[PDB]
Amino acid sequence: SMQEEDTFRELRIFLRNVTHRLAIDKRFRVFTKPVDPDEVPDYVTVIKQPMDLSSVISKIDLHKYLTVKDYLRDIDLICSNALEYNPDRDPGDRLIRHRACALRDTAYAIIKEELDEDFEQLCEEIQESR
Ligand SMILES: CN(C)S(=O)(=O)c1cc(NC(=O)CN2C(=O)N[C@@]3(CCCc4ccccc43)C2=O)ccc1Cl
């Protein structure tokens, strides 16, 4: 239905908006681009599923996210990746970890204040119908 198409369009608009607000925050600049594969060759095989906010925006546009649940799974992945790759006690790693927990916490906070639970539920019930 056109009504279902319209619902998924509203979700994409919503997710693009959350993602943009993350990507323009100076704290989250490191998470806006893939890890350059030369600058860092070991990334690839330490991190099984790389993920960044640019990839998130491409996945939105390719209609990969049918629920906010699915989108927050990728944000959790950016955070978990950052914590796993940068575990050390040194200030370099600790700043990334702090920033990666802040990205996570900010995304969940935006969604908690701005996503209608009835919109998320609709999205889940359409998704379940596929
Ligand atoms: C910080 N971590 C390594 S992370 O939390 O695991 C991570 C990182 C990234 N993305 C980046 O680090 C982007 N990035 C590069 O790979 N190289 C850049 C671009 C070229 C200029 C430059 C100069 C200095 C340092 C880096 C770079 C850059 O911005 C994405 C996700 C995660 Cl989880």
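Readers should treat all values here as calculations from the given coordinates under stated rules, not as data from a laboratory. Neighbour counts are summed over all protein chains in view; Cβ atoms, including those assigned to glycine, are modelled from backbone coordinates with ideal geometry.
Selection of first residues in the range 23-37 that are among the basic types (K, R) and of second residues that are in a loop (DSSP other than H, G, I, E, B) and within 6 Å of the ligand (Cβ to nearest atom), restricted to Cβ pairs under 7 Å at least 6 apart or on distinct chains, gives the following pairs, ordered by first then second residue: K33/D52. Where helices (runs of 4 or more DSSP H) fall entirely within the range 61-130, those with at least 1 residues that are within 11 Å of the ligand (Cβ to nearest atom) and within 12 Å of the chain's Cα centre (by Cα) are at 68-85, 91-114. Tell me, yes or no, whether the range 45-56 has at least one residue that is buried (at least 16 other Cβ atoms within 10 Å of the Cβ) and under 19 Å from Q127 (Cβ atoms). Yes, the conditions are met somewhere in the range 45-56. Scanning the range 19-53 for residues that are part of a loop (DSSP other than H, G, I, E, B) and near the ligand (Cβ under 8 Å from one of its atoms) returns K33, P34, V35, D36, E39, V40, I47, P50, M51, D52.
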